[PDB]
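Q: Take a look at this one; I'll ask things after.
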Amino acid sequence: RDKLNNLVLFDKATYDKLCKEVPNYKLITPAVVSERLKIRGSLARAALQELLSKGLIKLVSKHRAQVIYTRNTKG
Amino acid sequence: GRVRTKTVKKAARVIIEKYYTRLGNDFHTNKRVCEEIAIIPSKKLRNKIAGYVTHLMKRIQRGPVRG
Amino acid sequence: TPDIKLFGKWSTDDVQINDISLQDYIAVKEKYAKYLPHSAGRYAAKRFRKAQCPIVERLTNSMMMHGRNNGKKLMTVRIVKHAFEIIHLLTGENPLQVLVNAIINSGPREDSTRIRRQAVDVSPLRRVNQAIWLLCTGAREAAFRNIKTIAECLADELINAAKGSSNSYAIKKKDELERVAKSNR
Amino acid sequence: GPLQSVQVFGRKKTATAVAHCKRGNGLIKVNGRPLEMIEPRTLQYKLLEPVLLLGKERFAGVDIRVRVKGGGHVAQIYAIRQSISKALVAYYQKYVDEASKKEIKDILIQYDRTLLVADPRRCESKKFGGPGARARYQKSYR
Amino acid sequence: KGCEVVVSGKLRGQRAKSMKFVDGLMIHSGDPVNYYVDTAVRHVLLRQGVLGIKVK
Amino acid sequence: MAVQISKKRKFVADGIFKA
Amino acid sequence: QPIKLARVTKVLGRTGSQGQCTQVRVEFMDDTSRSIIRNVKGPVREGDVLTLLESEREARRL
Amino acid sequence: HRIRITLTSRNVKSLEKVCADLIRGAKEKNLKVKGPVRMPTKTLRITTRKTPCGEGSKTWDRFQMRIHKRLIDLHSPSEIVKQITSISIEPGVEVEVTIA
Amino acid sequence: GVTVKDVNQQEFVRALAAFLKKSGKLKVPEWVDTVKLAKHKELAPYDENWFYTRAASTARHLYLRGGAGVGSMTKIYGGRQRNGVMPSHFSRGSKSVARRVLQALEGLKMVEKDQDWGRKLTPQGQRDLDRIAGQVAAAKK
RNA sequence: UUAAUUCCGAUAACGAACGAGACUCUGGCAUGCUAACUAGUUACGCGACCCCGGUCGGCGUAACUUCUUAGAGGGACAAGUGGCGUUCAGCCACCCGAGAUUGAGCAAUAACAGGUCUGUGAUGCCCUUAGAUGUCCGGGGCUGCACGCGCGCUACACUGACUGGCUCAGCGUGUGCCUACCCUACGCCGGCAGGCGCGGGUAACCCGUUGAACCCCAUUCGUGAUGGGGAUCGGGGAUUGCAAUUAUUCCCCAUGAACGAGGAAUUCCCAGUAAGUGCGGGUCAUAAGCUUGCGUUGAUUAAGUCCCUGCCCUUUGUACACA
């Protein structure tokens with residue numbers, strides 16, 4: 001019928017859309033980022049480590065089988 | 001379905017009939033007044049009998065009991 | 001603090017249940033407020049004790065369905081915490097107003113029956129029992145063979161069921177379960 | 001002066017939990033480690049509920065070293081919660097006035113009567129003609 | 001107090017049978033049966049075949 | 001005997017002697 | 001056309017092919033003096049509230 | 001002079017009496033003694049069907065045997081126990097007399 | 001001071017693994033990169049340096065419950081056996097690699113072999129479990 | 001009226017008895033009793049380590065019986081209040097409470113051409129008896145495979161599968177008469193399956209504080225028929241045994257089928273229940289996909305009816321009685 005040809009790594013079209021659009025969203029997760037921006041399950045956890053080490057995102061509390069991130073605070 | 005066999009009511013009217021004096025309303029006392037005098041070979045059967053007694057001792061205080 | 005017990009990490013004050021037709025069996029505020037949903041219970045006792053049980057607890061029980069799931073209550077408290085972390089972030093409300101608004105719109109006002117046939121009314125306790133089963137299942141059949149998680153799916157059954165939008169599995173089952181009852185009367 | 005050694009139990013399913021109250025510093029602990037680190041880590045509020053309702057004032061002059069065995073994982077969190085509730089009611093009955101004893105009892109029975117009286121429930125046994133207590137193997141004709 | 005006595009086999013025929021002689025009181029159920037009652041069996045070999053004698 | 005048996009085993013080989 | 005509630009005063013009995021419905025005598029909470037017998041699914045107790053779609057109907061007594 | 005009368009039995013209420021006797025008749029000569037130290041009871045078990053073949057529905061018989069133990073501990077000469085034991089036992093119970 | 005029992009025990013086995021890599025006298029095997037942990041696995045351990053994490057776990061189990069042999073160390077980390085089309089069953093860990101962890105800590109005087117069965121902790125080696133209990137609790141609060 | 005031909009009551013019947021109850025085993029309550037070096041824990045010294053206290057199932061023998069075992073006694077009877085009702089025979093709701101129906105065994109009068117002569121040194125009649133249908137020894141077979149049915153076990157995945165780490169059970173079992181055959185700690189040689197020694201147990205004494213499984217904490221997979229699933233099939237190696245080929249069981253590589261939640265039809269089940277999960281006996285030189293037991297996690301629904309399958313009592317109707 002049809003299949004999910006999902007991206008293993010970043011394209012330059014799908015890298016310029018992660019630094020700008022993803023911090024603006026109200027809930028950043030391992031399963032909602034992989035739908036909107038057209039990417040795999042193993043890729044959407046390898047990129048969110050770089051946003052938190054810099055200081056662009058706000059992590060709630062990580063579980064063995066779910067992590068939740070939000071849009072960042074005013075200060 | 002708490003209804004008592006003829007083994008009970010046979011031995012209750014036959015224990016109210018003679019010793020109406022000694023007996024009374026309390027369950028916990030005629031529990032002893034049924035055991036001092038009689039021969040009763042089970043503690044469950046002992047309690048069934050000694051409380052219909054109390055069921056039957058409150059009916060002498062209103063009208064004439066049949067058997 | 002003999003006044004306010006924080007529901008895990010969620011408050012209990014000023015909750016709005018506008019409908020008096022469901023304002024006894026739905027127990028949660030004031031006297032019936034606790035930390036855990038998990039329960040040793042004993043509501044499986046009388047006929048109606050069940051109504052005396054917490055409603056967020058009911059759902060937890062409900063979740064654990066289909067062989068592999070059956071009985072793993074710890075693991076489905078998991079699901080419901082992480083389900084209350086997303087309602088707080090996606091819209092902004094206290095979860096315990098979003099879940100209360102979704103049960104009154106999901107169970108049927110009328111339920112067709114078999115006398116030959118004729119429709120009939122519902123009891124209140126019907127409408128709780130039906131709704132909850134009818135917004136567990138809805139999640140279930142979205143999150144299966146799909147990358148979305150249960151937390152998130154269950155969190156896509158409670159924001160557009162209180163709303164009452166009819167796209168959800170809860171509100172379109174309410175569309176069908178009443179329209180069969182309008183047909184044959 | 002003398003000592004005040006109180007030693008009270010509270011089962012769950014197949015497992016006691018005998019506490020050990022005595023005069024000393026405020027420190028409750030279960031086989032060496034305190035109550036906030038015994039696995040599993042889901043039901044965090046069950047072990048921590050008895051102290052928050054009654055407050056930390058009751059545990060400013062009482063040391064406890066709780067033990068366990070029997071039952072399972074989720075039938076030992078209820079066991080040690082049902083022990084320290086009944087032991088603290090026993091320690092303030094005889095040694096002081098009863099107006100502190102009954103007013104602690106008003107807090108626990110209204111909230112959850114499982115704190116001061118155990119579940120009498122137990123595992124119903126297997127009979128032949130099936131797998132469990134009540135199920136029977138699949139039948140057929142033809 | 002009482003008794004019951006059954007005899008079973010092929011008495012007077014090319015088909016079989018069972019008699020059942022009784023009188024007095026007899027009980028069959030509950031605890032008391034053991035200490036109150038008395039059961040025994042013995043088969044017996046006549047020219048035709050075999051008979052069985054349930055004395056209680 | 002010499003080899004020293006079990007009490008279970010001992011109370012049961014009692015029963016079979018009697019019968 | 002109107003949508004209203006109705007409060008219970010006394011249950012009658014248990015009807016339907018399979019003993020599936022109940023029959024309950026109601027008493028209005030819009031107006032403090034009116035009533036109508038109606039068949040009900042679910043498990044009803046006595047001292048509770050309902051929520052109708054049309055209020056005229058009246059089920060035949062057994 | 002530690003001596004241990006370890007009583008093993010099948011009978012609940014003949015045992016009772018044979019361990020009583022040993023203690024009724026120790027305090028008249030008066031030689032000091034421990035109390036009745038029991039042990040955990042065993043139910044052996046065997047299950048079987050009832051029929052001589054495989055006909056009928058499959059029904060099941062369940063044969064038990066509760067096997068009950070006691071023990072009592074004396075401070076006394078062994079010649080003193082030759083007397084004591086042989087005096088009055090009963091069929092329900094068999095007696096061991098550990099000497100030290 | 002602080003003890004091993006009060007400290008959180010998940011992070012406690014990660015902490016002493018950094019102290020084992022620090023020394024450099026553990027006596028590691030010569031078939032580490034081609035050995036399966038038990039019979040009841042499929043693949044090997046994920047950690048490329050797994051002997052330095054499990055050399056800690058043998059040491060902090062013998063604090064609680066001593067006098068343990070190798071045998072009991074096959075039953076200490078117990079497991080199942082998802083057995084293909086037929087049902088699952090219990091399968092014991094491993095004699096040799098658990099025996100290699102005891103002799104890894106026997107030349108380095110930590111686990112002496114006493115009577116009443118098995119090994120224990122030697123007095124001067126039990127110390128270095130309670131000292132690092134203070135370093136783990138100084139970055140959690 | 002009852003769960004009940006169970007009790008109230010009437011009565012051309014009177015007084016009886018069987019079955020049903022009563023009863024025996026079991027589950028749940030006793031800080032009260034009798035008692036423990038084959039069971040504990042407090043109390044109290046000595047040793048080890050952490051910075052006066054804390055933590056030791058590291059070592060001992062000054063007082064107790066709450067835990068543990070198991071004896072004796074108690075305890076619940078529609079007893080105590082409120083409505084309903086010949087005010088009787090009862091029952092539904094609330095307080096007190098460990099429980100206000102916990103589960104098993106036992107089981108009548110009449111029958112069945114029901115099954116078992118392949119449980120019997122239980123048995124009539126018939127057959128056969130040395131070229132035996134007796135008996136023992138050697139070889140195969142009962143598994144032979146287009147197809148049809150019946151109980152089952154493993155999945156179809158992300159509420160997941162792979163790899164590490166943490167913390168909890170209960171029923172029992174154990175060295176045998178012909179009978180040869182036990183349960184196994186400690187310590188080494190090996191990837192594994194095992195092997196080479198050394199103990200302790202006729203057992204609340206040794207295996208054992210039975211370090212059980214799903215569940216838990218963190219890594220790595222990504223909607224792919226994929227790290228789902230694991231049939232089929234090639235090559236090595238151990239162990240039981242007088243003999244493993246038609247592969248007894250077990251171990252290591254490799255191979256890597258269908259199956260994407262199964263049309264008409266259909267089975268079981270109301271609370272510690274169903275459902276998951278594991279662990280013991282039976283069988284057994286070798287040995288569980290089956291049977292009899294135990295604990296763990298722990299549910300949705302109902303307190304009803306006679307519509308559909310059947311049972312019991314009465315009135316009713318028959319040309320049926322092998323109904």
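We label chains A, B, ... in the order they appear in the structure tokens, count residues from 1 in each chain, and number ligands from 1 in the order shown.
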Excluding stretch 31-46 of chain H and any residue of its chain fewer than 6 positions from it, enumerate the residues within 8 Å of it, using only C-alpha atoms (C1' of nucleotides), and give them as a list in words.
A: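 Using only C-alpha atoms (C1' of nucleotides), the neighbours found are residues 19, 62, 63, 64, 65, 66, 67, 68, 69, 70, 71, 72, 73, 74, 75 and 76 of chain H; 35, 36, 69, 70 and 204 of chain J.
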Q: Residues of chain E within 8 Å of chain J, counting only C-alpha atoms (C1' of nucleotides) - could you list those as a list in words?
A: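 Filtering chain E at 8 Å from chain J with only C-alpha atoms (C1' of nucleotides) gives residues 25, 26, 27, 28, 29, 30, 31, 32, 43, 45, 47, 48, 49 and 50 of chain E.
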Q: Can you write out the residues you just picked, keeping C-alpha atoms, as a short mmCIF file (atom, residue, chain, number, x, y, z; two decimals), in the first residue's frame?
A:
```
data_model
loop_
_atom_site.label_atom_id
_atom_site.label_comp_id
_atom_site.auth_asym_id
_atom_site.auth_seq_id
_atom_site.Cartn_x
_atom_site.Cartn_y
_atom_site.Cartn_z
CA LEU E 25 -32.46 -47.19 61.12
CA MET E 26 -29.60 -46.53 58.67
CA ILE E 27 -27.53 -43.43 57.78
CA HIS E 28 -25.46 -42.80 54.64
CA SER E 29 -23.68 -39.38 54.72
CA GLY E 30 -21.54 -36.97 56.72
CA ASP E 31 -18.81 -37.64 59.25
CA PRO E 32 -20.60 -40.08 61.59
CA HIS E 43 -17.66 -62.62 46.88
CA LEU E 45 -18.15 -68.95 43.90
CA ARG E 47 -21.30 -73.69 40.22
CA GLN E 48 -22.92 -71.20 37.88
CA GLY E 49 -20.79 -68.19 38.80
CA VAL E 50 -20.30 -65.49 41.45
#
```
Q: Select all residues from chain J having any atom no more than 8 Å from an atom of chain D (counting only C-alpha atoms (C1' of nucleotides), ignoring ligands), output as a PyMOL selection string.
A: chain J and resi 27-28+55+66-67+98+103+151+166-169+216+267-269+272-274+292-293+296
Q: Give me, as a list in words, all polymer residues having an atom no more than 9 Å from residue A:45, counting only C-alpha atoms (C1' of nucleotides) and skipping those fewer than 3 positions away in the same chain.
A: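 Non-adjacent residues within range: residues 29, 30, 41, 42, 48 and 49 of chain A.
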Q: One decimal, Å: what's the distance from atom CA of residue H:78 over to atom CA of residue H:23, could you say?
A: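 So the answer is 15.9 Å.
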Q: Tell me the residues of chain J close to chain H, meaning within 12 Å using only C-alpha atoms (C1' of nucleotides), as a PyMOL selection string.
A: chain J and resi 25+34-36+38-39+68-72+104-105+114-116+118-120+171-173+203-205+281-282+291-293
Q: How would the residues just picked look written out with C-alpha atoms (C1' of nucleotides) as a PDB file, in the first residue's frame?
A:
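The resulting file, result-v3.pdb, is shown below:
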```
ATOM      1  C1'   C J  25     -11.013 -31.147  57.001  1.00  0.00           C
ATOM      2  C1'   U J  34       0.838 -24.037  77.759  1.00  0.00           C
ATOM      3  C1'   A J  35       6.011 -23.631  75.507  1.00  0.00           C
ATOM      4  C1'   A J  36      10.904 -23.864  72.711  1.00  0.00           C
ATOM      5  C1'   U J  38      15.784 -29.006  65.097  1.00  0.00           C
ATOM      6  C1'   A J  39      12.449 -21.544  65.987  1.00  0.00           C
ATOM      7  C1'   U J  68       7.688 -18.674  63.939  1.00  0.00           C
ATOM      8  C1'   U J  69       5.717 -23.720  65.079  1.00  0.00           C
ATOM      9  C1'   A J  70       0.850 -26.272  67.407  1.00  0.00           C
ATOM     10  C1'   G J  71      -1.733 -27.795  71.644  1.00  0.00           C
ATOM     11  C1'   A J  72      -5.860 -26.237  74.943  1.00  0.00           C
ATOM     12  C1'   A J 104     -13.634 -28.676  49.803  1.00  0.00           C
ATOM     13  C1'   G J 105     -15.076 -33.838  51.375  1.00  0.00           C
ATOM     14  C1'   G J 114     -23.183 -47.229  30.060  1.00  0.00           C
ATOM     15  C1'   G J 115     -17.455 -48.874  30.834  1.00  0.00           C
ATOM     16  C1'   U J 116     -13.829 -52.133  32.523  1.00  0.00           C
ATOM     17  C1'   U J 118      -5.839 -55.185  28.730  1.00  0.00           C
ATOM     18  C1'   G J 119      -5.869 -53.851  37.714  1.00  0.00           C
ATOM     19  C1'   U J 120      -6.220 -58.736  39.947  1.00  0.00           C
ATOM     20  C1'   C J 171       3.306 -26.247  48.276  1.00  0.00           C
ATOM     21  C1'   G J 172       6.697 -30.013  48.694  1.00  0.00           C
ATOM     22  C1'   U J 173      10.965 -33.395  47.489  1.00  0.00           C
ATOM     23  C1'   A J 203      15.757 -33.785  57.129  1.00  0.00           C
ATOM     24  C1'   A J 204      11.943 -27.044  61.030  1.00  0.00           C
ATOM     25  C1'   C J 205      19.136 -30.313  61.765  1.00  0.00           C
ATOM     26  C1'   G J 281       4.943 -34.006  42.733  1.00  0.00           C
ATOM     27  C1'   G J 282       3.175 -37.468  39.290  1.00  0.00           C
ATOM     28  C1'   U J 291      -2.304 -34.163  34.329  1.00  0.00           C
ATOM     29  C1'   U J 292      -2.611 -33.037  40.328  1.00  0.00           C
ATOM     30  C1'   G J 293      -0.717 -28.883  43.519  1.00  0.00           C
TER      31        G J 293
END
```
Q: Please identify every residue of chain I that has at least one atom no more than 8 Å from any atom of chain J, counting only C-alpha atoms (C1' of nucleotides), and report them as a PyMOL selection string.
A: chain I and resi 1-3+9-10+13+35-36+39+44-47+64-65+69+75-76+80+84-87+90+96+117-118+123+126-127+130-131
Q: Which chain B residues are at most 6 Å from chain J (counting only C-alpha atoms (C1' of nucleotides)), as a list in words?
A: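 Close enough to count are residues 47, 48 and 51 of chain B.
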Q: Atom CA of residue B:10 and atom CA of residue B:31 are how many Å apart?
A: 17.0 Å
Q: What is the atom CA of residue C:172 to atom CA of residue C:83 distance in Å?
A: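 Computing it gives 22.0 Å between the two atoms.
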Q: Identify every residue of chain F that has at least one atom within 8 Å of any atom of chain J, counting only C-alpha atoms (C1' of nucleotides), and report the result as a compact mmCIF listing (two decimals) with N, CA and C atoms, in the first residue's frame.
A:
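Once written, out37.txt looks like this:
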```txt
# COMPACT_ATOMS: atom_id res chain seq x y z
N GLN F 4 19.56 -47.59 57.95
CA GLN F 4 18.88 -46.43 58.58
C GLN F 4 17.93 -45.71 57.59
N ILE F 5 16.62 -45.97 57.71
CA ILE F 5 15.61 -45.53 56.71
C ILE F 5 14.98 -44.17 57.05
N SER F 6 13.94 -43.76 56.30
CA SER F 6 13.20 -42.49 56.53
C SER F 6 11.87 -42.72 57.33
N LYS F 7 11.46 -41.78 58.21
CA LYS F 7 10.25 -41.96 59.10
C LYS F 7 8.96 -42.04 58.33
```
Q: Using backbone DSSP assignments, extract all strand (DSSP E) residues from stretch 2-65 of chain D; output them as a ChimeraX atom specification.
A: /D:22-23,27-30,33-34,62-65
Q: DSSP on the backbone: which residues in chain B end up as helix (DSSP H, G or I)? Give the answer as a PyMOL selection string.
A: chain B and resi 6-16+27-33+43-57
Q: Between C:159, C:36, C:51, C:59, which has the minimum distance to residue C:88 (counting only C-alpha atoms)?
A: C:159
